S.K.: 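A single structure is presented below for examination.
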There are 2 protein chains.
Amino acid sequence: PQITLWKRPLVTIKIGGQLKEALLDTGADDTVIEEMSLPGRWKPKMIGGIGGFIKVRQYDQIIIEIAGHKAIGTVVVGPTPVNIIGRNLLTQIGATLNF
Amino acid sequence: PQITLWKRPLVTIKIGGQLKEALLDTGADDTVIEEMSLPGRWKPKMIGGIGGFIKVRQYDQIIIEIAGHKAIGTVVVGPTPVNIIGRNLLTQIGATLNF
Ligand SMILES: CC(C)(C)NC(=O)[C@@H]1C[C@@H]2CCCC[C@@H]2CN1C[C@@H](O)[C@H](Cc1ccccc1)NC(=O)[C@H](CC(N)=O)NC(=O)c1ccc2ccccc2n1
Ligand SMILES: [Cl-]
């Protein structure tokens, strides 16, 4: 698909057996999901953005289906107001910015 | 151009006659620039991100070149860690996300 940016580039994802809405975010290093349980081990991390940092739990080798495209990678979980698909998974579905 | 996302999508911008580095950010509603002087009056705005909110100065109808493409629109100035080109100006340069 080609997505114009007049509005927020929101898509449906599947993660942990759950459907969620998420933002396709070229300005994010990481994939940050609102609080949910995920399988396997995790470790704590601090991630920063405008405003400062938040504490998250980092889970590795997590599969997410992103608007129909499967990708695997590290997902961090914590108190974000918006689920964001960052570059670590955007690369895996072949996403590019074009102008 | 076609910009992949293995690295941060950083480009050169020109604002106020000055060259700066900025991030092309589909996740950002607004364009946020590091402290600098800009002409005219400003109005207040609060912008929210991952760690919370920051106060910025909103300047309308600012001329800015982005990777060689001219945009004229709203920029907010404040204590951002990274200059961010958000959707308000990405649309003016005709940017799309594709996968
Ligand atoms: C810029 C503004 C207009 C305020 N918009 C936003 O911040 C919205 C807010 C939304 C609600 C909260 C959840 C995030 C979404 C998406 N974001 C956009 C989104 O693209 C945002 C833009 C950004 C990039 C760089 C630095 C700061 C801010 N990115 C991020 O928040 C990601 C989160 C992450 N760690 O992966 N940060 C970074 O990728 C990142 C990179 C370099 C940095 C250097 C110093 C300090 C912080 C740094 N953060
Ligand atoms: Cl990863």
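Note that ligands are numbered from 1 as they come in the structure, with each ligand's atoms numbered from 1 the same way. Here is the naming used below: chain letters follow the sequence lines, and residue numbers restart at 1 for every chain.
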S.K.: May I ask which of A:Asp29, A:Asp30, B:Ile50 has a heavy atom nearer to atom 39 (O) of ligand 1 than the others do?
M.R.: A:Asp29
S.K.: If hydrogens are left out, which of A:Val56, A:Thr80, B:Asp25 has an atom nearest to atom 20 (O) of ligand 1, that is, the closest non-hydrogen atom?
M.R.: B:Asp25
S.K.: Nearest to atom 30 (C) of ligand 1 by heavy atom, A:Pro79, A:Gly27, B:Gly27, B:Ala28: which?
M.R.: A:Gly27
S.K.: Measuring only between side-chain heavy atoms, which start at C-beta, is B:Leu38 closer than 4.5 Å to B:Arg57?
M.R.: no
S.K.: Can you find a non-hydrogen atom of A:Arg87 under 4.0 Å from ligand 1?
M.R.: no
S.K.: Got the closest protein heavy atom to atom 42 (C) of ligand 1, with its distance?
M.R.: B:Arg8 NH2, 3.6 Å
S.K.: Please set out all donor-acceptor pairs under 3.5 angstrom arising from side-chain atoms of residues 12-23 of chain A, sequence neighbours excluded.
M.R.:
unit_1, atom_1, unit_2, atom_2, d
A:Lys20, NZ, A:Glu34, OE2, 2.8

S.K.: Please work out whether any backbone atom (N, CA, C, O) or any side-chain heavy atom from C-beta onward of B:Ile84 is under 4.0 Å from ligand 1, and answer side chain, backbone, both or neither.
M.R.: side chain
S.K.: Side chain, backbone, both or neither: which part of B:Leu23 has a heavy atom under 4.0 Å from ligand 1?
M.R.: side chain
S.K.: Within a radius of less than 6.0 Å around CD of A:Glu35, do more than 12 heavy atoms belonging to other residues, nucleotides or ligands occur?
M.R.: yes
S.K.: Measure the shortest side-chain to side-chain distance between B:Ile85 and B:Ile64 over non-hydrogen atoms and say whether it is less than 4.5 angstrom.
M.R.: yes
S.K.: Within a distance under 4.0 Å of any heavy atom of A:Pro81, pick out the atoms of ligand 1 and give their elements.
M.R.: 11 (C), 12 (C)
S.K.: A side-chain contact here means heavy atoms from C-beta on lying under 4.5 Å apart; do B:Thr80 and B:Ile33 qualify?
M.R.: no
S.K.: Would you mind checking which non-hydrogen protein atom is closest to atom 33 (C) of ligand 1, with the distance to 0.1 Å?
M.R.: A:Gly48 O, 3.6 Å
S.K.: Given side chains that start at C-beta, do those of B:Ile54 and B:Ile47 come closer than 4.5 Å, heavy atoms only?
M.R.: yes
S.K.: Counting non-hydrogen protein atoms only, what is the nearest one to atom 44 (C) of ligand 1? Give residue, atom name and distance.
M.R.: B:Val82 CG2, 4.0 Å
S.K.: Starting from atom 31 (O) of ligand 1, which protein heavy atom do you reach first, and at what distance in Å?
M.R.: A:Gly49 CA, 3.7 Å
S.K.: Would you check if the side chain of A:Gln92 reaches a backbone N or O of A:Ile72 as a donor-acceptor pair within less than 3.5 Å?
M.R.: no
S.K.: Going by the angle between their ring planes, with limits at 30° and 60°, are A:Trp42 and A:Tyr59 parallel, tilted or perpendicular?
M.R.: tilted
S.K.: Verify the contact flag for atom 10 (C) of ligand 1, where contact means a protein heavy atom under 4.0 Å away.
M.R.: no
